[PDB]
Structures are given as C-alpha cells and as structure tokens.
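See structure below.
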Amino acid sequence: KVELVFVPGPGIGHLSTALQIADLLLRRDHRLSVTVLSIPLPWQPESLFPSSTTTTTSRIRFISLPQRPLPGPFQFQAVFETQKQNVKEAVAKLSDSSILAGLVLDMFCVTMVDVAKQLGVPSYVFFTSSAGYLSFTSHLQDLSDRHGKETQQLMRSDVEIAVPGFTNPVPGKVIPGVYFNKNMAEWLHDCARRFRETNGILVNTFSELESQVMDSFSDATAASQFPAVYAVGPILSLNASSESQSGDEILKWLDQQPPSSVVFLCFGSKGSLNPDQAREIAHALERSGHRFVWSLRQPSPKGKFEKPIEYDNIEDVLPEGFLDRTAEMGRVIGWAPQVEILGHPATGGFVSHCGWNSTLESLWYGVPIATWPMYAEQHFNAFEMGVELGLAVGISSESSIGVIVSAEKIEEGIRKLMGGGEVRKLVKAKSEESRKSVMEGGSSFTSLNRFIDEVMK
Amino acid sequence: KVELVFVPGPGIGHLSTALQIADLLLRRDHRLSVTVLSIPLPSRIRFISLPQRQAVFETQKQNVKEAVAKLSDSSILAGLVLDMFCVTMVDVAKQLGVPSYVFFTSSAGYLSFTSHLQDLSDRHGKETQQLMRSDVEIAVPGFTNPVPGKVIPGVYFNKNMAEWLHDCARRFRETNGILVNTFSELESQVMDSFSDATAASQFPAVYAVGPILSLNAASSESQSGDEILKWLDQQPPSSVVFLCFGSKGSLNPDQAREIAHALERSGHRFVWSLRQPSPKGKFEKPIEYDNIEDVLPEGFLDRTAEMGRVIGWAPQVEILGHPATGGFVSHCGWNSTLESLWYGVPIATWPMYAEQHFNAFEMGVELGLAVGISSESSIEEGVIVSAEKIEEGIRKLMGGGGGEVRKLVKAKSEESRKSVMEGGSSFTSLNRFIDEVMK
Ligand SMILES: O=c1ccn([C@@H]2O[C@H](COP(=O)(O)OP(=O)(O)O)[C@@H](O)[C@H]2O)c(=O)[nH]1
Ligand SMILES: O=c1ccn([C@@H]2O[C@H](COP(=O)(O)OP(=O)(O)O)[C@@H](O)[C@H]2O)c(=O)[nH]1
Numbered sequence: 001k002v003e004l005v006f007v008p009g010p011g012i013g014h015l016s017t018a019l020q021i022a023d024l025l026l027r028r029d030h031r032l033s034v035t036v037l038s039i040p041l042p043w050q051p052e053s054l055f056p057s058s059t060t061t062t063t064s065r066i067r068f069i070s071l072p073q074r075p076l077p082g083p084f085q086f087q088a089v090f091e092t093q094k095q096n097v098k099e100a101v102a103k104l105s106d107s108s109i110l111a112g113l114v115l116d117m118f119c120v121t122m123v124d125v126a127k128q129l130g131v132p133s134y135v136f137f138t139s140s141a142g143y144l145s146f147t148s149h150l151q152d153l154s155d156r157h158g159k160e161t162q163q164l165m166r167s168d169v170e171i172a173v174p175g176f177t178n179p180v181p182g183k184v185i186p187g188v189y190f191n192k193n194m195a196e197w198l199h200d201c202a203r204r205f206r207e208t209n210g211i212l213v214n215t216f217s218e219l220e221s222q223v224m225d226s227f228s229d230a231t232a233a234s235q236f237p238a239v240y241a242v243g244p245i246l247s248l249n255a256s257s258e259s260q261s262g263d264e265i266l267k268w269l270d271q272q273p274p275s276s277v278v279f280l281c282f283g284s285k286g287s288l289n290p291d292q293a294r295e296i297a298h299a300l301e302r303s304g305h306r307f308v309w310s311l312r313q314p315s316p317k318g319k320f321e322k323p324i325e326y327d328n329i330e331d332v333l334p335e336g337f338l339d340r341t342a343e344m345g346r347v348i349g350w351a352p353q354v355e356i357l358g359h360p361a362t363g364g365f366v367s368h369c370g371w372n373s374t375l376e377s378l379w380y381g382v383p384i385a386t387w388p389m390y391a392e393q394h395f396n397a398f399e400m401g402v403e404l405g406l407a408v409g410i411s412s413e414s415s416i419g420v421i422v423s424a425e426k427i428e429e430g431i432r433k434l435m436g443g444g445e446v447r448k449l450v451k452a453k454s455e456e457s458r459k460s461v462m463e464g465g466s467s468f469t470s471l472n473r474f475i476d477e478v479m480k
Numbered sequence: 001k002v003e004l005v006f007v008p009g010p011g012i013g014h015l016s017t018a019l020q021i022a023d024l025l026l027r028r029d030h031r032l033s034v035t036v037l038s039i040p041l042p064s065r066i067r068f069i070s071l072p073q074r087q088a089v090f091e092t093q094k095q096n097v098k099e100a101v102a103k104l105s106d107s108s109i110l111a112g113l114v115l116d117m118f119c120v121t122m123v124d125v126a127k128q129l130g131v132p133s134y135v136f137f138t139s140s141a142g143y144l145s146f147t148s149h150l151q152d153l154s155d156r157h158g159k160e161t162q163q164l165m166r167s168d169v170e171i172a173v174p175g176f177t178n179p180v181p182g183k184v185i186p187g188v189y190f191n192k193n194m195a196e197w198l199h200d201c202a203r204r205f206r207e208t209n210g211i212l213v214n215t216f217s218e219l220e221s222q223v224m225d226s227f228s229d230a231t232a233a234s235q236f237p238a239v240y241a242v243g244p245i246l247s248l249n254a255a256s257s258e259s260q261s262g263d264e265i266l267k268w269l270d271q272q273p274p275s276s277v278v279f280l281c282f283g284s285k286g287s288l289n290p291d292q293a294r295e296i297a298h299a300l301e302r303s304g305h306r307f308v309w310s311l312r313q314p315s316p317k318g319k320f321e322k323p324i325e326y327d328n329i330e331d332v333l334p335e336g337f338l339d340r341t342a343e344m345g346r347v348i349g350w351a352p353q354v355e356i357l358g359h360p361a362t363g364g365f366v367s368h369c370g371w372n373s374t375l376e377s378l379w380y381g382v383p384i385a386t387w388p389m390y391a392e393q394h395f396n397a398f399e400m401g402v403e404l405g406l407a408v409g410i411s412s413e414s415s416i417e418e419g420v421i422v423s424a425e426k427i428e429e430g431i432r433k434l435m436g437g438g443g444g445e446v447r448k449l450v451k452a453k454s455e456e457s458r459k460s461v462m463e464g465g466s467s468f469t470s471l472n473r474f475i476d477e478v479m480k
C-alpha cells in the first residue's frame, strides 16, 4: 500500500480544490492511495469528492483530526499550530500500514512541513495561487533574509522590484497589504522558507499562462536553488437552499439574454461593498447601458475578518428607484453561482476582485476580466493579468496595497471591458490553451504525470 | 523541440508496431517530436528514407549516424529507439553522445530467453546449437517451468546466425532502456525478474508499455475481407473458428487437405486463411492457391459452402474483434497473440517460424492461456499435423456445454484493456519512459 496524505487548507474552497487533485492523482495511477486529514475549526469532507466509482473511492480515506483547545489575524494559523502533534501521530500511524510516499500540504498548512521532516517523509506543497505569486512571495522572503530588505520598506510608490520570471518591474504598491504588519510579514516569509524545504510544489496554473515564470523555476530547480515546481492546473470546482434557488432564478434570467451581453460583478468569498461604494457601482451600471448580474454583499458587523452577509434592505441602500429603472436590464444578488454564470453563453465580461480561482474560472470560460483587487494578493494578481500578461483591464484602480472608486471610473472600466476588442481576442486564445493543457499530452497533464512518477520512486 | 529518432525493423509486425508507439508517444506528450529513419530492403512526425546501398543494417550505420547528427542541429536529440534487429546502431548512439533504447516487439519472456541464451554462450563456450535437443531444459529467468531446448528458435541452429543474434542481445544490455510490447499483468514473473536485475544494476530498465496494436484505399483484398465481415455479421456469437498463419506462414497441399478434413469433421463454422509458399523462396510473400477445388479434398468447398469461407490475406484484427469469432488457430506470432488477447479470443497454437514455438510454450505451458495442437520442435521441418490433432485442438477451443480456458482469457483480456488506459501498468510505465526522455 502506497499512501499520499493530504492536509487541505481552511475552507470548502480549499478542500474542494484539494479533493479535485486527489481524484486526479488516483485516476492517473492505480497504485496510489490517498488519506485526507481534516482540521476542525471550533466555530462533511467526503461529500466534495468527485468519483462515484469504487475503483477510486476504495483508495481514499478521510480522517477528521481530534479537536483541540487554545485561546484575530492569526486565528486559523493558531488552530493549525495546535494540530501539528495530531498530524504527526496520524501520519506515523498510517506509515505502520503503508509506504508513506508523502505529505501534501496546502500552502497555508506548511507549518506541517516540520512533521514530515521529523518523520523522514517527503513533503509537497499544493500552492493554490499563481506561479507568479509563488515567485513574488519567495523573492520577498529572499530579499529580507539575504539582503536585509524588510518588506515594509519596499511598500512605496517609488519602489520597483525585479521578480524572477517577470519582464515588467513589480511595483512595491502591489505587495500584499498585510506585509506592513511585522508579525504577519514574518509569518508569510516563514511560509516561503518552508516551501523551499519541500520535495516539490504543485501550482494551480498552466505553464502557457505563466511561461516565463515557469521557465525561471525550471532553471532554478536545475541549479538546485528551488524545489521542482509542477504546473498542474487549472484545477477547478465546476460541478435545496434559497441561495441555490436564487441562483436558478439568475440562470433562468440569463437564458433569455443575448450572447456575451451581460457584465457579471462578483468579489470572492470575503469581499464586500460598503453602501457608498455600492451606490457608485449602481450609478455606473445604470449609466453604462449594459446588462448586468451584480453580486452584492455587506461587510459583517462587529468583525472585519468575519464572513460577509446580504443587505437587509437594498432599496434603502441603493439609489432611489435604481431597482425599478434597471428591472429589465439587470439583477442584484447575494452569493452567486459563479461558475454557472461564467460558463453561461450570455455572460460577456467579469468585474472581478482577481482572486486566483476567479481568475482561472474566467479564463476557462473565456470571459475577459476588468480587475478590482481588494485583499490578499489580488493587487499583484491584477498587475500580472493586466500589465504582464495583457489579458485583463483595470477598473480605474490607482489605489494599490479606504478610498472609493467613483462611478466615472467604474463606467470607464466597463466601457473598456465591453466596448478591448483586442484583449477579448487574447482571452479567447488563452482559454483554448487552458482547456488543452489538462487534456492528454498537454503541459499540465504531463506535469502531473511527472509529479506522480517522482512520488512513486 | 525534443526529438526521438526511430529506426524500425522489417516486416508488418515490426514496422507497423513502431509507428503505433511513435503515434502514442506523440499523443501522450506534445513536447515530443519523432523522426523515423527507414532502412531500404532488397505535424510532429517526420519520415526519412535512407539512401540505398541481416547485414543490410550494418551498411546503413554511416547513413544513420549522419541523419542523426543532422537532426541534432535543430532539436534536442532525446534518444534513438531501435528495433531488436537494428541494435548495431547502439554504437552510432554511443559515438554521438545520444541515449539509445530498444523497442522490443516480441514478448518480455522472449527478451529474457534470448538474453539468457547469449549469457550461456558467452560464459560457457558451448554453442546454442548444442542445447537444441529433446533432452535439454533451460532455466530462463522469470519462468516457473523449464524452457525446452526444442523451443529455441530454429535460426539458432546456424553458427553465423546464432552469433549475430547473441550480438544483438549483448547490445541490448548497453542501451539506456528497453521498451517491450507487453503488459506486466500478462508476464508478471518475467517483469519482476527484470525489475530485480535492473535494481541490481545488471540490466537496463525494461518498460512494459503494451499492448501496442494496429487496430486502425479500396483494394481487392479489401473487398474479399469486407465480404468475410458481412458473412460473420450473420453468424451466432462465438460460433466461428478463424485460422491464420502470419505474414510468412503458408500451407503445403497435404497439410491443407488435413485441415480441410478436420474442419469438415468438426462441423464448426470457419474462416480459413489459406496461402501457399511463394515459388520464389520463403523470402517472398505467400500467395493464394489457384483452383483450390483441385487441391483440397474433392467436394470440400461444395459441402462447406454455408459453413465457412476460405480466403487469402485476411482482415485479421477485424475478424478477431468480431463477435461471431470464437476461437483462433494461430501461428503464435507475438502481434497475433496480443490481438487475440485484446479481443478475448482464445488461441490454439500452431507455431511455424521465428520464436513462435517459444511463444506457444509461454502462452500454453507457462501462462495457461492457449491450447496446443501438436508437439513439433523448432527444428522439425515437414512433419504433418494430422486432422485428428486439429480436430481435438478445435474441440478444446470451442467446447464446454469446459469453458475454463475461455474464462482465463476473458479475465486476461480485461487486464490488457486496463493496462493501457489512464492509471494502468503500461500507461504509467510509458510515462516513466517519457520522463527519462524529457530529462
Ligand atoms: O458569490 C460568490 C463568490 C465566490 N464564489 C466562488 O468562490 C471562489 C472564490 O475564490 P477566489 O480565489 O477567486 O477568491 P477568494 O474567495 O479566495 O478571495 C471561486 O471558486 C468562485 O467561483 C462563488 O461561487 N460565489
Ligand atoms: O492474413 C493475415 C495475416 C496477418 N495479419 C496481420 O499481420 C501481423 C502478423 O504479426 P505477427 O507478429 O503475429 O506474425 P509475423 O507476421 O511476424 O509472423 C498481425 O498484425 C496480423 O493481424 C493480417 O492482418 N492478415
């Protein structure tokens, strides 16, 4: 018996992405088995595994780790730190019954690389952001450790950073804003240090999207300067409630609209809009003239790092008469069925926060994106997709890291997105490349095979 | 761009197969390009005919060296894939600093056997010829059963031919890897034997990457073949015995009359590929008989007119894949063996030339998948197989209402399908080869 142990990152999004690649690995090598270790959050996994076939399910096991006690920005980090001993024991126990081919860790979970080192087991990272961001975050840690450049000092409008694999200088203004906090800067640098200790890094991208970055990693690996990096994506989650029923209503409305005529606006799992920003969007949407599906959520009260909620009364928040005047032009919704909308033939553009899964989803369906970065590494993602790759346009977002984007600037971005024609052509060609990369013979298909072959040595 | 250069061997069973694995490799990794160098006889795949000048191959060494050097100009020469008969080019690859590989189109068991014969004749001075006796048994790595000296290929009787074959086996050991047209579940003990030997740094890596099969303009043999398939469409499932003897097999009149007696007495439905040896030496294609009604027993074609069909060259894979076909009297060439297994058609063995006597031994005695017809050796010329022995072989093939060998063949057939699909043994073995090539 030969086992890979997965420790997914927090959230059903990260669980789902991890289980998609777990299924892929099991289908690509019948000798492989997988055990998934899930970590409880003190506030079901088998459901998200796409297989329905006993040739595959007989080879995967799911274990929930024993819940643990302990007394913020480091909340999830602390829970995973309390679970290291449980992971170590679970992994040690499994290795009594199997050849332990490796511990596969979500990039958030790389504190567990220590556990693999202590047991003498190979470690691998499942890196769920872009290859370019892997290069950027590693280079920031390297500058800080080897050249004494503390990251806070680079976070300036007059600073440019030479990132391996990038033609364009990377502005210090797109360093993720959380690096200004010294505790969090050190945590992220330490993640990057741990990446370098592993036996290989799976990245959710395809090499034709990020070819110069992937070449830079290939060179570094050949010089023993970095682990092997495997571009194996796009790994996407493409397959009762009333939020699911409002989703069918939107799709039904989308069915009656003309092809590529609807602008979709959606801002990820933690994004939200304050009332004044929402009113500026509304004004811009009404003035733009294009059909729209607008996912609109309010920030959680008493908790900026809580999950966003829906607006109780959108009629009191939005401009007077907006919903009446736009009743046949567009729809406003809460949580959205995003992939169904992006894959719908009526959808013509995507105003996106540029989270990496939203970026890959829009690329997969060939929908051009107008960028509106908000948190995490979204500002860098918008720079890579816009300035470096030329696949996206910006939504007049000069502010990069409490400044509102005016209706004039939003309408200017929608005009570029929908009125340009050259970018849409580049997005369609890249979309075709994304579909072929994961098919037989494609770059991500063969890179996944190469990873499996390394693992099975 | 990364190039693999193939030098295939002669004959349908060697050349068609090399083109199939070249096509498979090109489909399986788009980073790959393939050039095929064709040795004459007396979007990403390229064919080169080498200029015309057994020892055919050695006169071509310099043309091969030069074509390979010229390709190495606009591409990364990942390696040279050679047929088992072309491995004199291992020197060319060595001289040019390029990895060499063998694409071995016979069984892994035969790879072990021919390598062991070379090992015995290299240490001990005794020639292989002195083992080709009825009271000789050979311990071949990977075989539970001792291998009779009777099934050493007959060509080993010639001192010069045996030495050249030993030279081939010696050169296999010098390559970077041997790809074999088999799947590990078919020959698992042999493949374990190679894995042990490679791990002890005693043999190149051996990749079981098959079955590699040729399943695929208007012609007259195309037309007769189409007639056969239409006739098969009208027969009950597993009701027809197919008889076919490879690209060089043929039947003399007395042997053909014994087959005709057996078929008429057995009462089974049949498709019988009947060809006579070319008067122009066995180094040319067999041909149909003229006026077959004057060759076969009197009235045979009249009495069997609704029971079966006699043809020349046959659409073999189409017949083996047809649901009416229930059994295959076969010369046990390795491609025929793989094709019949793929379609789950049990074989009754009638070895004739090359390594077929060994293949029949491996499939029958060692693996239990085939049934034997008679007991002739690799060096017995002209011994007629009686109608009675043929009848008994066909009874075992078609009977049981019994069906125990058919059950093993069906289960082995399913294993052959799975081995080359996503995740199977041969799928991942080919990936390991592709990885080595791309490294
Ligand atoms: O209303 C929404 C918002 C987001 N998503 C999905 O949630 C994920 C968002 O991930 P991304 O990496 O883009 O951003 P994050 O949530 O990590 O900031 C994607 O799969 C979206 O399709 C969704 O289905 N509905
Ligand atoms: O009448 C015939 C005889 C042979 N074959 C094909 O020729 C090949 C024979 O290869 P094998 O290795 O069995 O024997 P060989 O020709 O090398 O003796 C196989 O692909 C058969 O399907 C065919 O199509 N029709």
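In order, the protein sequences belong to chains A and B.
For the first sequence, the residue numbers in the entry's author numbering are 1 to 43, 50 to 77, 82 to 249, 255 to 416, 419 to 436, 443 to 480.
For the second sequence, the residue numbers in the entry's author numbering are 1 to 42, 64 to 74, 87 to 249, 254 to 438, 443 to 480.
Every residue, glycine too, gets a C-beta built ideally from N, C-alpha and C.
Cut-off 7 Å between Cβ atoms - residues of its own chain near residue i, not counting five sequence neighbours on either side
i        : result
A:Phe90  : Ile39, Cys119 and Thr121
B:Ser377 : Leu357, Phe365, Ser367 and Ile384
A:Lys451 : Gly381
A:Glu258 : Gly349 and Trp350
B:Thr161 : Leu150, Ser154, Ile185, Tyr189 and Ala195
For residue i: DSSP bridge partner residues
i        : result
A:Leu164 : Beta-bridge pairing links A:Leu164 to no other residue.
B:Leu37  : B:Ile69
A:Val213 : A:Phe137 and A:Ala241
A:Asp29  : B:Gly464
A:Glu3   : A:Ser33 and A:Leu110
B:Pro181 : B:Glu170
A:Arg306 : A:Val277
A:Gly336 : Partner(s): none; A:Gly336 has no beta bridge.
A:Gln313 : A:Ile324
Close beta carbons around residue i, own chain, < 8 Å, minus the five adjacent residues each side
i        : result
A:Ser226 : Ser145, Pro174 and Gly175
A:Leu71  : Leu37, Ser38, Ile39, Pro40, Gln93, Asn96, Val97 and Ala100
A:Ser33  : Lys1, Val2, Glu3, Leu4, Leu26, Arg65, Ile66, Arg67 and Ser108
B:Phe282 : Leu288, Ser310, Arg312, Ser367, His368, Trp387 and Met389
Contacts around residue i, its chain only, beta-carbon distance under 6 Å, and the 5 residues preceding and following it disregarded
i        : result
B:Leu212 : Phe136, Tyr240 and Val242
B:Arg74  : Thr92
A:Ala238 : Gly210 and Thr231
A:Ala397 : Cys369, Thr386 and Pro388
Residue i CB to nearest heavy atom of ligand 3 below 7 Å
i        : result
A:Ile109 : Because ligand 3 does not appear in the structure shown, any question about it cannot be addressed here, the ligands present being ligand 1 and ligand 2.
Complete runs of the alpha helix (DSSP H) confined to the stretch 83-152 of chain A [at least 4 residues]: 85-92, 94-107 and 123-129
Length-filtered (4 minimum) alpha helix (DSSP H) runs lying within the stretch 351-387 of chain A: 353-357 and 371-379
Cβ pair count under 8 Å reaching 3, the stretch 271-279 of chain A against the stretch 306-317 of chain A: yes
Given 8 Å, three or more beta-carbon pairs between the stretch 313-327 of chain A and the stretch 401-414 of chain A: no
Cβ contact (3+ pairs, closer than 8 Å) linking the stretch 161-169 of chain B and the stretch 177-187 of chain B: yes
Cβ contact check for the stretch 145-162 of chain B and the stretch 198-206 of chain B: 3 or more pairs under 8 Å: yes
Cβ contact (3+ pairs, closer than 8 Å) linking the stretch 333-347 of chain B and the stretch 292-302 of chain B: yes
Stretch-stretch touch, CB-based, cutoff 8 Å, three pairs: the stretch 319-334 of chain B with the stretch 218-238 of chain B: no
Cβ contact (3+ pairs, closer than 8 Å) linking the stretch 125-142 of chain B and the stretch 106-114 of chain B: yes
The stretch 454-467 of chain A contacting the stretch 10-30 of chain B, beta-carbon criterion three pairs below 8 Å: yes
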